[PDB]
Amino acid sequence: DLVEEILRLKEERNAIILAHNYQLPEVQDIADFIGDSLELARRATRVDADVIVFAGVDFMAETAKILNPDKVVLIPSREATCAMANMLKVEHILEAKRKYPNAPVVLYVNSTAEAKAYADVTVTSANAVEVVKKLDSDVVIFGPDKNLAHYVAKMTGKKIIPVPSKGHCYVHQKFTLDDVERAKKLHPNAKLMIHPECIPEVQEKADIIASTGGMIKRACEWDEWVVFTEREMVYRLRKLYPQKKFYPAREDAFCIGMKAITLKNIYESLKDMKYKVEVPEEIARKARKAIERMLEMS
């Protein structure tokens, strides 16, 4: 079926499939590498294949292209996009820089390429605290996610200016204190791993506040977990740790953009060499500096 044809074309194209943790299980199962956004960025700096098929969202594929100008990067659907990244506009960044001209600008690694050109360093949920703590300023411009910004402020003690003020990931915003209560009711011996893009009051109920990479690293600390992040992470964790139990905090917590990627459009991506991801060089050069700096700092 599609799996057999995909694998043949991957060989014919000298291609590698990189997948995010939130991809469908059947897509994770054909990927050469699976990770969070930080791990995907790092993995993109050691690509020896000629073609990268990105089972993720468009701005992640753009980050891979920024790091690999001489490789073909394919996004299987141009509708695979990130609602959180779309909330941040250049006008938000310019506005904040005029109010705080000496503050570093710290932006999520899969913001738009134009936004990343204004970043001094990029971050993800996995390294935001580590990076911001190392910056020598007590005020930081940070976005797009106001909930991650709040967590960073709490963990560093710095003043974190969120750009844009309402930016957030709708998937993580959904989680409520009622979901915490239901999780404790259903799995009283489970510990709660809660992503730092959840709202602060949900974060305060966590047994561990952790990025998805942190969820993998700290999963060894217990045998039973309820997972407050996008539901496909539960499949990823179950695959890594077949001896443990993982339960989604919400069955309906899914990223529509991530699920634009299908086995069928991965097959079509390799067959027809589409859709080719390109980033203008002036933007790419500035974004590359911020991404490479992030990788040096983490």
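Rigid core (definition): largest C-alpha set, two forms, superposition within 1.5 Å. In case it trips you up, residue 1 is the first one in the sequence shown, and so on.
- Stretch 286 to 294 is the one, of 15 to 23 and 286 to 294, whose CA positions lie farther from the shown form in 7 other deposited structures of this protein once all structures are superposed by the rigid core.
- Structural divergence in 7 other deposited structures of this protein between 143 to 151 and 124 to 132: following superposition by the core, 124 to 132 has C-alpha atoms lying farther from the shown form.
- The PDB entry records a higher mean C-alpha B factor for 96 to 104 than for its counterpart among 110 to 118 and 96 to 104.
- Of the two segments, 17 to 25 and 278 to 286, the one listed with the higher mean B-factor is 278 to 286 (C-alpha atoms only).
- Looking at 208, 84, 141, 227, the one whose CA carries the top B-factor in the deposited record is 208.
- Within the selection 71, 134, 150, 168, the deposited Cα B-factor values reach their highest point at 134.
- The deposited CA B-factor of residue 156 belongs to the highest third of values across its chain.
- The PDB entry assigns residue 214 a C-alpha temperature factor belonging to the highest third of its chain's modelled residues.
- Residue 195: CA B factor lies in the middle third for its chain, per the PDB record.
- For residue 174, the recorded CA temperature factor ranks within the middle third of the chain's modelled residues.
- Among the modelled residues of its chain, residue 202 has a C-alpha B-factor that falls in the middle third according to the deposited record.
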